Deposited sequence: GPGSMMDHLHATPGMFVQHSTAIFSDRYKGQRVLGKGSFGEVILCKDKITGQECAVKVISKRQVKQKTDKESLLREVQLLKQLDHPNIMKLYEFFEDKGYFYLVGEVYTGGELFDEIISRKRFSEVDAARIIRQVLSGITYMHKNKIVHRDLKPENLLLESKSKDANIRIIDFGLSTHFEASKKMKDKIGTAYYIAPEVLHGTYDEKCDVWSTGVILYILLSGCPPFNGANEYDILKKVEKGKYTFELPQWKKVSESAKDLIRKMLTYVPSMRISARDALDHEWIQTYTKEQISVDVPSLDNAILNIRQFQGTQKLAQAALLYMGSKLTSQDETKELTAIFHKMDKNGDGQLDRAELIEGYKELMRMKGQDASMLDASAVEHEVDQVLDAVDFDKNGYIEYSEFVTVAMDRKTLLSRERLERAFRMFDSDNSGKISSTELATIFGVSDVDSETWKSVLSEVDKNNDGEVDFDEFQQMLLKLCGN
């Protein structure tokens, strides 16, 4: 057996994908950078045995396609799995798209030919994604004509998805109806890609609703339209491909490979800009990211409540003196003890964090060590609020809050009630401090 931190050290956290946090790490000998997804066993159940996971891992390491994340290594210890893959710098596809003056079917066809090409390859090797969505499409580099790299292929088969809403935002729109009901195969990826295509050419989800369950209700019924005025600008062959990919019965649904041969992919890769679709995607994306940011802020405030009190009790018990003061090594031992932590991969990781907080009285260390994380979490929320507020009015209206909280799965009576307690007179709009106050009251503060 071989240990992960013998070989890799953490550089810095990258984000929270499905199943766990992704950490930028560096090989301590060759200096190679890698994106390590760390799966916490204690919060992510397995669907399969160890025998079956080690086999898929062995296979995934051998596979190689320019539109699929390269997986280098797999580690496991008592408490976690470590998936070590190549790191990409171009960001999520949709964030790159919203920063464009123009976007035509030629851009959409090129994007989707890549996605279908990755999928086709994977299905040939009997690997299904199931959870394909825009968050899982990364651009390989910051440069112009760069490859899309699909992440997380094969994982849904071996791990149970979170049922917490901070992990579910923007999954409902893309899931294939047959996955909802239990009997599904590789055709579910074609469906998901079909929904992405739809959104690329109109900027609106084909199945949409006020909340998660309403979205799933629309998907399960399977009915959508091309009524929206901006479809008047999309070719018929594009609509024709969408129809085949969003075909309800999976055996009647076009395959990945066959979609690559479809007339639309054939024509539009080998031309007006969809101006309306871009403005729609830009609004969609801000909305999703602000809802995500809200939920993560609420979560971090609750973790902070938890971890503040726990560290205090640890440092109290450790202070044999009653001095209200601890040594450096003891602050490290009690901080290590707090971990019983994506960044804190080893004892050396923690020492840096302890030394950052210092750069005496344990009660002060506790405030700062958390207050850092508390202020750190606020700023991500602020940025998303600014981004959402695209006309720089400084406010979010009632209608917008309803869209935002609906995506966040906060009951309408519950947030409206919270709004009233924050500002009485109110005037139907909230500024940033009001928004933040509402979220504090939505996590018992």
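In this chain, the deposited residues that lack C-alpha positions fall in the ranges 1-20, 291-296, 367-370, 390-398.
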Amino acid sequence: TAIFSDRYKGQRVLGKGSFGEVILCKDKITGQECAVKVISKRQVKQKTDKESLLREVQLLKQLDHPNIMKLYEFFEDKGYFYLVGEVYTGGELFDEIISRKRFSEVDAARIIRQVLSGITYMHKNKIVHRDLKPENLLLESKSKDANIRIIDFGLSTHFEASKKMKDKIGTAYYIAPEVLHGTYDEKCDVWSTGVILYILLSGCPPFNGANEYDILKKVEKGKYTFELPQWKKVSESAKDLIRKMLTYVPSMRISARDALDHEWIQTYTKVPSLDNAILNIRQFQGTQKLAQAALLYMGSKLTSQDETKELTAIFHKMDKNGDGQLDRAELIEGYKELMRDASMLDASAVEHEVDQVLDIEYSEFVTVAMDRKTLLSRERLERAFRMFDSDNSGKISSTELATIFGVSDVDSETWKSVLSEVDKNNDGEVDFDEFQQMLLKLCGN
From here on, numbers count along this sequence of modelled residues.
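Basically, rigid core = biggest C-alpha set you can superpose within 1.5 Å across the two forms.
Averaged as a root mean square over residues and superposed structures in 9 other deposited structures of this protein, CA distances to the shown form are larger in 369-377; the pair compared was 272-280 and 369-377 with a core fit. Taking 389-397 and 407-415 in turn, the stretch whose Cα atoms are more displaced from the shown form in 9 other deposited structures of this protein following rigid core superposition is 407-415.
Across the other PDB entries of this protein whose models span the neighbouring residues, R340 goes unmodelled in a third or more. Omission of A210 is seen in none of the other entries compared for this protein where the adjacent residues are built, far below a third.
The mean C-alpha temperature factor is higher for 141-149 when 279-287 and 141-149 are set side by side.
A summary of the deposited B-factors shows that, of 31-39 and 45-53, the stretch with the larger mean C-alpha value is 45-53. Between the residues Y268, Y121, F226, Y184, the entry's highest C-alpha temperature factor is the one at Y268. The residue among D95, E73, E333, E86 whose C-alpha carries the highest B-factor in the deposited model is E333. Per the deposited record, the Cα B-factor of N67 falls in the lowest third when ranked against the other modelled residues of its chain. Split the chain's modelled residues into thirds by C-alpha temperature factor. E178 is in the lowest one. The deposited CA B-factor of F365 belongs to the highest third of values across its chain. In the PDB entry, a CA B factor belonging to the highest third of its chain's modelled residues is recorded for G322. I111: CA B factor lies in the middle third for its chain, per the PDB record.
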